[PDB]
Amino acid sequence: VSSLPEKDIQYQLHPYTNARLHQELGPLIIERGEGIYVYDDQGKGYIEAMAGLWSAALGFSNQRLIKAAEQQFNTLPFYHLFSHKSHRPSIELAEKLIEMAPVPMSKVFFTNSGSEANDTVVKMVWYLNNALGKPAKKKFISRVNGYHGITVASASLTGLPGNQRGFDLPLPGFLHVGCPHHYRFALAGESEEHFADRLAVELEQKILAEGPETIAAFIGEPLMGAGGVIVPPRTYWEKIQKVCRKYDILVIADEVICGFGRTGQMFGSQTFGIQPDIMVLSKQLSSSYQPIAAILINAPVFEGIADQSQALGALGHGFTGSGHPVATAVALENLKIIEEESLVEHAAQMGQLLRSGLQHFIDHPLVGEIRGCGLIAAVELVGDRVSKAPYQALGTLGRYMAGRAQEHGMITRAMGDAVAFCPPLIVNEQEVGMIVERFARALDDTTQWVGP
């Protein structure tokens, strides 16, 4: 048998893993990928219904991206953007991002990860408000169950307890308002629109209690990804933005998951009617073939930063890999493919098929909710549909269900007791059918396990 599992146990500390259990069980070693599939070291194939980490838009064997990497490696395999240095793929990618943006944007700043990007945005907003002579205007508002990454600062923006417990987070000045999840937080008989009203009132009261002059920015994923595929209620973003504009608070759209065709349009900001001052992009940006993220800032944000960078000598910020030529070349080619192959439209089509397939299970006794938009969805299981209570404890069903899905050849992700769907954009109709079938088998297993 392969030496790899023992070596993995001996030498790797895994993210998002119980380290002690890992020492007992060892890894599931993924050996290779092609199309929407990955294969373990025993040769078993799985539909990667998460596209890896919400990210492999073009699947696991796109030869154009691979050749784009090769072409750039053979030209200039590393360079940087520090001190006026530049290079073609960062320039052409920045051009393309600005010109495809759903609202007018001024500049792009590159990082490696979504976490670094949001961390950078925090720093940029502080820097901006200092430049503007508003030293108190520094607080960020985000939402319960939001996920913005896991640096010290971005984990503070994040609203999931799993990212904060044990880590002494959030830092001060990172405030949280309600998760816009109607199923869990609406009143009995309350409409989506009235639920949205109540959330907007909550935001305004929070701004008032803190002192509006101390609030710099509001950040949100158009729909929440890692926190549960939570679609906000109708009118939420309209009403929330009105509150933000009233108090001169920046609106930051975290498009790390929603970006590049996930939600039925190119950006989640389009789908949900968001006019952000700043956008954060990653993941599908490069089909995760290279680590890269991008921040788009509008004109007022750029102008204030630019002014301060002059007064303070240079902008004292940047990663070694910021705009890495291979990562930018791969992302550029990736965006071209998404456009040329009409994958936004195709994904929207496939998403309707996914959602209608799943909706066959709406009356199942363990299905509490089916939600989603475009080609992202979740099914939330419960132990009792009237009370919405979990079986045993929150997470017990989702853990079992995700494990059963894997046994039936599908990789999903449990988010508490919901299981997620975020397949590659290139998924076809029968493959959507198979995703639903493998969900159904896992659901059948879970039902028998829970028992009468």
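The first residue of the sequence shown is number 1, and the count goes up from there. Between two forms, the rigid core is defined as the largest C-alpha subset superposing within 1.5 Å.
A.B. asks: Report the stretch with the higher root mean square CA deviation, pooled over structures and residues in 4 other deposited structures of this protein, choosing between 71 to 79 and 182 to 190 after a rigid core fit.
C.D. replies: Evaluated in 4 other deposited structures of this protein, the stretch farther from the shown form is 182 to 190.
A.B. asks: After fitting on the rigid core, pick out whichever of 54 to 62 or 387 to 395 shows the bigger RMS C-alpha deviation in 4 other deposited structures of this protein.
C.D. replies: Of 54 to 62 and 387 to 395, the stretch deviating more in 4 other deposited structures of this protein is 387 to 395.
A.B. asks: On average, are the C-alpha B-factors higher in 306 to 314 or in 345 to 353?
C.D. replies: The deposited B-factors put 306 to 314 ahead on the C-alpha mean.
A.B. asks: Per the entry, where is the mean C-alpha temperature factor higher: 49 to 57 or 24 to 32?
C.D. replies: Between 49 to 57 and 24 to 32, it is 24 to 32.
A.B. asks: Can you tell me which of 114, 261, 172, 227 has the maximum CA B-factor listed in the PDB entry?
C.D. replies: Across 114, 261, 172, 227, the entry lists the biggest C-alpha B-factor for 172.
A.B. asks: Would you mind finding, among 159, 222, 77, 300, the residue with the largest C-alpha temperature factor in the entry?
C.D. replies: Comparing C-alpha B-factors across 159, 222, 77, 300, the maximum falls on 300.
A.B. asks: Within this chain, which third does the Cα B-factor at residue 255 fall in: lowest, middle or highest?
C.D. replies: For residue 255, the deposited C-alpha B-factor lands in the lowest third.
A.B. asks: Thinking about Cα B factors across the chain, which third does residue 83 belong to?
C.D. replies: Its C-alpha B-factor, which the entry lists for residue 83, ranks in the highest third among residues of this chain.
A.B. asks: Would you check the entry's CA temperature factor for residue 168 and let me know if it's in the chain's lowest, middle or highest third?
C.D. replies: Within its chain, residue 168 is a middle-third residue by C-alpha B-factor, going by the deposited values.
A.B. asks: Please place residue 395 in the lowest, middle or highest third of its chain according to the CA B-factor in the PDB entry.
C.D. replies: Answer is middle: the recorded C-alpha B-factor places it there.
A.B. asks: Considering only modelled residues of the same chain, in which third does the CA B-factor of residue 119 rank: lowest, middle or highest?
C.D. replies: Its C-alpha B-factor belongs to the lowest third of this chain's values.
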